[PDB]
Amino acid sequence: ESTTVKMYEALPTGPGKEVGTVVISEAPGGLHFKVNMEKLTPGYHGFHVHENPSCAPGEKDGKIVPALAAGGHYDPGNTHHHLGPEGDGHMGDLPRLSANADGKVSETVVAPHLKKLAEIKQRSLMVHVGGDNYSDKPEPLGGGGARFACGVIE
């Protein structure tokens, strides 16, 4: 199977402009994520499956957090730590995306630990402002920081 997810900029006011799409498809080496996105800052961006089928903001510690309602990283093993697509932490950890000088992402990444699309239906896809060092050191959650764009996987 396959599905296409529309990605919207995550604002304090919720979903903003459409910034691109992700096609998720099944493949021998693990799920493929074909990403076409624009208006990113050049450089690496963290990319993860989050646990809830919502991209709404929320409040944490009295602060409005764009796309907070997507929850944390998809983590069916309840591992509670971030180890990237080759580690055995959050199963939602995908390979980082690479935006070029024009702010565009156009690539496929592969999650060898995810086999079936059904595993991540009714979840969400998140692209972050920061990158992803596949660790919780020196910063939590790979240093992804704020949520840049989000889409629901139906």
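Don't overthink the numbering: it's just position in the shown sequence, from 1.
Undergrad: Averaging CA B factors per stretch from the PDB record, which one is higher: 21-29 or 132-140?
TA: Per the PDB entry, the higher value belongs to 21-29.
Undergrad: Which is higher on average in the deposited entry, the C-alpha temperature factors of 90-98 or of 119-127?
TA: If you average the C-alpha B-factors of 90-98 and of 119-127, the larger mean comes out for 119-127.
Undergrad: Reading the B-factor column of the entry, which of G103, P85, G46, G58 has the highest value at its C-alpha atom?
TA: Most elevated C-alpha B-factor of the set, per the entry: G103.
Undergrad: Of the three thirds of its chain by CA temperature factor, lowest, middle or highest, which one includes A149?
TA: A149: CA B-factor falls in the lowest third of its chain.
Undergrad: What third of its chain, lowest, middle or highest, does the C-alpha temperature factor of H50 fall into?
TA: For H50, the deposited C-alpha B-factor lands in the lowest third.
Undergrad: Please place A67 in the lowest, middle or highest third of its chain by C-alpha B factor as given in the entry.
TA: Lowest third of the chain for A67's C-alpha B-factor.
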